[PDB]
Structures are given as C-alpha cells and as structure tokens.
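Before any comments, here is the structure.
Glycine also receives a Cβ, built like all others from the backbone with ideal geometry; neighbour counts cover every protein chain displayed. Read-outs: derived from the displayed coordinates by stated rules, not from any lab.
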Ligand SMILES: [Cl-]
Ligand SMILES: [Zn+2]
Ligand SMILES: [Zn+2]
C-alpha cells in the first residue's frame with residue numbers, strides 16, 4: 001500500500017509558481033490573469049488537500065483551467081477525474097502516456113496486472129508531444145518528453161522571474177527505475193532502456209535553476225521550505241542540487257542496467 005502523504009503548507013516557489021502538494025507527492029499551481037494551471041492530481045485522498053492548499057493561498061479551485069501531470073502512475077494522476085469533475089479543467093497528457101490514462105492503468109507496460117495500481121479512467125482533452133507548449137495568460141510551460149519511467153513521462157519547464165532575476169524552473173518527471181522493471185529484452189516496452197538513456201541525455205544538458213520534481217524527496221522540499229521560512233534568498237534556486245540529482249539518477253539507471261545485464 002502506498003503511504004498516505006501528510007499535509008504540507010502551500011507556498012510561493014518563485015514568480016507565479018506555487019507549491020500545493022503534500023509532504024511527498026508534489027503538485028504545482030501556476031497562477032495567471034486568465035486562470036490557473038495545476039500539475040499532478042496525486043491520490044484521490046489528496047484532491048481535497050490540493051483544493052484546500054490552493055484556497056489557503058487565496059486562489060479559487062474553480063479557476064483551474066488546465067490539468068497536467070508529470071507521468072502516468074496512480075500516485076501522480078489518480079485524482080485527475082475528480083478534479084475534472086470538480087473544476088472542468090482541460091486535461092493535457094503526453095501522447096505516449098495517453099493509453100495508460102484512458103485505461104486507468106490497465107495498459108501499463110509494467111503494472112497492467114496489478115489492480116492495486118489502477119485508477120479512475122479519464123479522457124484527455126489535448127494530446128501533447130515532445131517540446132509542445134502549454135500557454136495561459138502569458139505564462140508558457142514546455143513539455144519535455146523524458147521517457148523510461150513511463151512511456152510518456154514529462155519533465156515540465158518554465159521561466160520564472162524572481163527578485164528581478166530570471167530562472168528556469170524544471171519539474172523533473174522522474175527517471176527512476178521502479179523495482180522489477182525489466183530493462184533488457186522487455187516484452188511490452190522494448191525501447192525502455194533506449195528511452196531512459198535519451199532522458200539522461202536530455203536532462204544532463206538542460207538548464208536547471210529552480211530544481212523541482214514529482215516527489216518532494218527528489219529536491220529536498222522540507223529543508224528548503226524551512227530555509228524559505230527563515231527568509232533566505234530563494235533556497236529553491238538550486239542549480240547544483242539539480243545537476244547532482246540528475247547525475248545520481250542517471251548513474252542509478254546504469255547501476256540497475258549493469259545488474260540486469262551482468263548480475
Ligand atoms: Cl529519488
Ligand atoms: Zn512513477
Ligand atoms: Zn511517483
């Protein structure tokens with residue numbers, strides 16, 4: 001059973017990007033004059049928490065115009081149908097992950113036969129592609145296809161202005177290798193290893209100032225939030241941590257590949 005995340009205080013990360021997630025599953029709110037964009041619906045049990053966080057910041061849940069996700073796995077997309085019903089937000093997903101979203105996880109190349117990983121089925125209002133942009137009220141998000149973890153895992157990026165300076169925010173979708181995933185001669189997802197390697201190439205050459213991810217633990221949410229409360233110069237601007245994390249996971253992939261190929 002996936003550990004139920006604990007509530008986390010919502011806050012502004014930089015520019016018009018706010019954190020409205022939990023102490024684990026990370027969710028983001030981009031506020032614009034023409035509505036807001038929400039990233040990651042998390043677990044069903046988390047929807048009320050996400051709505052509450054958005055309202056705590058002084059915004060309206062009803063102003064959610066677009067719903068996005070890091071990748072198609074229950075812990076990041078299970079609550080999407082509820083959010084669509086409750087806000088009428090337009091659901092946009094990377095083409096490669098659409099099948100999983102429509103089938104509620106039944107078509108998952110790895111978890112197709114694990115009902116504990118299934119989630120409510122939902123329709124995709126707009127199919128996204130590598131490098132496509134999502135724009136609203138002047139804000140521009142770019143969807144980067146960084147496959148492997150899921151066929152259509154998306155790494156979202158955007159430029160934020162903070163304290164007069166410009167910073168590239170990167171929400172790493174995930175390039176982690178889940179326990180059991182087969183990297184060699186995968187029957188259902190043959191290009192899995194090839195995809196991970198492509199993601200490593202993309203991520204390792206990607207400008208990254210404001211380091212974020214689908215999971216709080218990826219970018220040290222807790223400690224950075226504490227520094228933020230202490231009033232430190234945006235502790236979320238962490239290009240060094242981003243570089244190191246990407247390299248670490250890139251190496252974690254090769255460690256698993258090595259294990260599967262020679263262990
Ligand atoms: Cl990790
Ligand atoms: Zn996942
Ligand atoms: Zn996850």
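Enter the Cα centre distance for the pair the stretch 27-52 and the stretch 208-235, rounded to the nearest angstrom.
Here the two parts' Cα centres lie 18 Å apart.
Could you work out the Rg to Rh ratio of the chain, with Rh taken as the Kirkwood radius (inverse of the mean 1/r over all Cα pairs)?
Numbers: Rg = 17.5 Å, Rh = 18.5 Å.
Result: Rg/Rh = 0.95.
Would you work out if the stretch 120-263 is rounded, prolate or oblate? Take a ≥ b ≥ c from the square roots of the eigenvalues of the alpha-carbon gyration tensor; rounded if a/c is under 1.5, else prolate when a/b is larger than b/c, oblate otherwise.
Since a/c reaches 1.5 but b/c is at least a/b, the shape of the stretch 120-263 is classed as oblate.
What length, rounded to one decimal in nm, is gained on full extension from residue 226 through to residue 62, with 0.36 nm per residue of separation minus their alpha-carbon distance? All intermediate terms of the calculation are to be shown ahead of the outcome.
Values: separation 164, 0.36 × 164 = 59.04 nm, distance 2.99 nm.
Full extension from residue 226 to residue 62 adds 56.0 nm.
In nm, to one decimal, how far is the modelled label at residue 244 from the one at residue 159, with both set 7 Å along Cα→Cβ?
2.9
State whether the stretch 70-131 is rounded, prolate or oblate according to the following rule on the C-alpha gyration tensor (a ≥ b ≥ c being the square roots of its eigenvalues): a/c under 1.5 gives rounded; otherwise a/b larger than b/c gives prolate, and the remaining case gives oblate.
oblate
Just from its helices, what would the mean residue ellipticity at 222 nm be for the chain, if runs of 4 or more DSSP H residues each count -39500 (n - 2.57) and the sum is divided by every residue, rounded to the nearest 500 deg cm²/dmol?
Working: 7 runs with 76 residues, N = 263.
For the chain, the value works out to -8500 deg cm²/dmol.
As a footprinting exposure proxy, order 28, 111 by other Cβ within 10 Å, with the fewest listed first. Numbers along the way, then the final one.
Numbers: 28 23, 111 19.
Final ranking by Cβ density, sparse to dense: 111, 28.
Classify the stretch 1-66: rounded, prolate or oblate, from the alpha-carbon gyration tensor (a ≥ b ≥ c, eigenvalue square roots; a/c under 1.5 rounded; otherwise prolate if a/b is larger than b/c)?
Note, shape of the stretch 1-66 comes out prolate.
Can you sort 135, 256 by how many other beta carbons sit within 10 Å, fewest first?
By the 10 Å Cβ count, ascending, the order reads 135, 256.
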